[PDB]
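The file final17.txt comes next; it holds compact mmCIF, C-alpha atoms.
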# COMPACT_ATOMS: atom_id res chain seq x y z
CA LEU A 199 -43.59 -126.97 -44.25
CA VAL A 200 -40.42 -125.98 -42.40
CA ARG A 201 -37.48 -123.60 -42.90
CA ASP A 202 -34.95 -126.20 -41.73
CA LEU A 203 -34.35 -129.86 -40.91
CA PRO A 204 -37.31 -131.46 -39.00
CA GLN A 205 -37.42 -131.89 -35.24
CA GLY A 206 -37.68 -135.66 -35.23
CA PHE A 207 -35.87 -139.00 -35.58
CA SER A 208 -35.34 -141.39 -38.48
CA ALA A 209 -33.09 -144.43 -38.82
CA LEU A 210 -31.17 -145.09 -42.05
CA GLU A 211 -31.41 -148.46 -43.85
CA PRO A 212 -28.44 -150.01 -45.80
CA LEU A 213 -28.39 -149.91 -49.60
CA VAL A 214 -25.20 -151.51 -50.98
CA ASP A 215 -22.33 -153.93 -50.36
CA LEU A 216 -19.66 -152.88 -52.91
CA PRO A 217 -16.44 -154.60 -51.62
CA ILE A 218 -14.21 -151.91 -53.16
CA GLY A 219 -10.60 -151.76 -51.95
CA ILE A 220 -9.86 -148.10 -52.70
CA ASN A 221 -7.88 -145.67 -50.57
CA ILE A 222 -10.05 -142.54 -50.64
CA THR A 223 -8.52 -139.18 -49.76
CA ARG A 224 -11.10 -136.59 -50.91
CA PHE A 225 -14.60 -135.90 -52.30
CA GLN A 226 -16.35 -133.73 -54.91
CA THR A 227 -19.99 -133.68 -56.09
CA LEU A 228 -21.99 -131.75 -58.68
CA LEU A 229 -25.30 -131.15 -60.42
CA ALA A 230 -26.64 -127.93 -61.90
CA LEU A 231 -28.78 -126.63 -64.74
CA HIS A 232 -26.85 -125.59 -67.86
CA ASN A 233 -28.61 -123.86 -70.74
CA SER A 234 -27.36 -123.54 -74.32
CA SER A 235 -28.04 -119.83 -74.74
CA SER A 236 -25.28 -118.17 -72.69
CA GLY A 237 -22.99 -121.18 -72.37
CA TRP A 238 -22.23 -123.21 -69.26
CA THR A 239 -23.84 -121.84 -66.08
CA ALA A 240 -25.34 -122.81 -62.71
CA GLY A 241 -28.59 -123.31 -60.80
CA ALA A 242 -29.65 -122.01 -57.37
CA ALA A 243 -29.80 -124.70 -54.68
CA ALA A 244 -27.80 -125.88 -51.68
CA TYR A 245 -27.05 -129.28 -50.19
CA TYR A 246 -25.87 -130.28 -46.72
CA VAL A 247 -22.59 -132.00 -45.91
CA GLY A 248 -21.68 -133.20 -42.41
CA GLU B 496 -4.11 -165.14 -55.52
CA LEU B 497 -5.34 -163.61 -52.24
CA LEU B 498 -3.52 -160.82 -50.37
CA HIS B 499 -5.82 -158.14 -48.95
CA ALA B 500 -8.94 -157.61 -51.03
CA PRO B 501 -12.13 -159.44 -49.91
CA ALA B 502 -12.86 -162.64 -51.79
CA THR B 503 -14.38 -162.06 -55.22
CA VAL B 504 -14.10 -165.66 -56.43
CA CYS B 505 -15.25 -168.77 -54.58
CA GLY B 506 -16.65 -172.23 -55.27
CA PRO B 507 -20.29 -173.52 -54.97
CA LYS B 508 -21.91 -174.04 -51.58
CA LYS B 509 -23.05 -177.61 -50.93
CA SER B 510 -26.31 -176.74 -49.21
CA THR B 511 -29.04 -179.16 -48.13
CA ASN B 512 -32.63 -179.27 -46.84
CA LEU B 513 -34.10 -177.64 -43.75
CA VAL B 514 -35.48 -179.58 -40.80
CA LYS B 515 -37.94 -178.02 -38.37
CA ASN B 516 -39.13 -179.08 -34.90
CA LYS B 517 -36.19 -181.43 -34.36
CA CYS B 518 -32.88 -181.16 -32.54
CA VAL B 519 -30.44 -180.55 -35.36
CA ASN B 520 -27.26 -178.65 -35.99
CA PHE B 521 -27.23 -175.71 -38.36
CA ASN B 522 -25.16 -173.42 -40.55
CA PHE B 523 -26.76 -170.27 -41.92
CA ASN B 524 -24.26 -168.53 -44.19
CA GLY B 525 -21.45 -169.39 -41.74
CA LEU B 526 -23.62 -169.00 -38.64
CA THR B 527 -23.10 -172.37 -37.04
CA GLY B 528 -24.77 -173.76 -33.93
CA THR B 529 -27.30 -176.27 -32.60
CA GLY B 530 -30.92 -176.29 -31.47
CA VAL B 531 -34.54 -176.57 -32.56
CA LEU B 532 -35.94 -174.38 -35.33
CA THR B 533 -39.58 -173.34 -35.03
CA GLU B 534 -41.98 -171.04 -36.87
CA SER B 535 -41.67 -167.49 -35.57
CA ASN B 536 -44.59 -165.13 -35.02
CA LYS B 537 -42.24 -162.13 -35.24
CA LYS B 538 -40.88 -160.21 -38.22
CA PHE B 539 -37.49 -159.04 -39.47
CA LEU B 540 -36.88 -155.91 -41.48
CA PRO B 541 -36.44 -156.78 -45.24
CA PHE B 542 -32.63 -156.50 -45.06
CA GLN B 543 -31.99 -158.12 -41.68
CA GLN B 544 -30.66 -161.67 -41.58
CA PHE B 545 -29.98 -162.63 -37.95

Hey, can you dump this file as structure tokens for me?
Amino acid sequence: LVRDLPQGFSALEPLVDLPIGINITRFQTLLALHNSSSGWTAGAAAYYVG
Amino acid sequence: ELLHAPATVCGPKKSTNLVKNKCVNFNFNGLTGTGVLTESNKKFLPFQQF
């Protein structure tokens, strides 16, 4: 239990190769809950981007 | 053709056997050199090669 990111250390292991030759300029992500009663809507959660 | 993108098409690799406890040359996925290969008592992480 914590209200924020943990006071510790962890190293990140590699997942993919993907030799993709694309010139990337920007970024956009998304996932939310959408019911069928009141039409398209949104959930209530946040994610971190650094 | 080949201009900028990383190779996506190549031919077969004519590999051979492996000789231990002898002075031999070697080539591990392009990593060339010489010496004697012996059983190690140490471990690599699952994704580490050299």

Scan for residues within 10 Å of the point (-31.1, -179.8, -33.3) in the coordinates of the file, using only C-alpha atoms, and reply as a compact mmCIF listing (two decimals) with C-alpha atoms, in the frame of the given file.
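Dumped everything to point07.txt:
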# COMPACT_ATOMS: atom_id res chain seq x y z
CA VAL B 514 -35.48 -179.58 -40.80
CA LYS B 515 -37.94 -178.02 -38.37
CA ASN B 516 -39.13 -179.08 -34.90
CA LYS B 517 -36.19 -181.43 -34.36
CA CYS B 518 -32.88 -181.16 -32.54
CA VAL B 519 -30.44 -180.55 -35.36
CA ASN B 520 -27.26 -178.65 -35.99
CA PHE B 521 -27.23 -175.71 -38.36
CA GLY B 528 -24.77 -173.76 -33.93
CA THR B 529 -27.30 -176.27 -32.60
CA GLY B 530 -30.92 -176.29 -31.47
CA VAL B 531 -34.54 -176.57 -32.56
CA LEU B 532 -35.94 -174.38 -35.33

Interface residues on chain B facing chain A, 8 Å, all atoms listed in the file, written as a PyMOL selection string: chain B and resi 500-501+542

Distance in Å - CA of residue 507 in chain B versus CA of residue 524 in chain B: 12.5 Å

CA of residue 541 in chain B to CA of residue 502 in chain B, distance in Å rounded to a single decimal: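 Taking CA of residue 541 in chain B as the start and CA of residue 502 in chain B as the end point, the length is 25.2 Å.
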
Computed interatomic separation between CA of residue 227 in chain A and CA of residue 247 in chain A (Å): 10.6 Å

Expected answer as JSON, numbers by chain: all residues with atoms within 10 Å of (-23.8, -127.4, -61.0), all atoms listed in the file: {"A": [227, 228, 229, 230, 231, 232, 238, 239, 240, 241, 242, 243]}

Could the centre and edge lengths of an axis-aligned box, enclosing all atoms of range 213-222 of chain A in the file with 3 Å extra on each side, be given in Å to one decimal as lines of an AutoDock Vina configuration file?
center_x = -18.1
center_y = -148.6
center_z = -51.4
size_x = 26.5
size_y = 18.1
size_z = 9.6
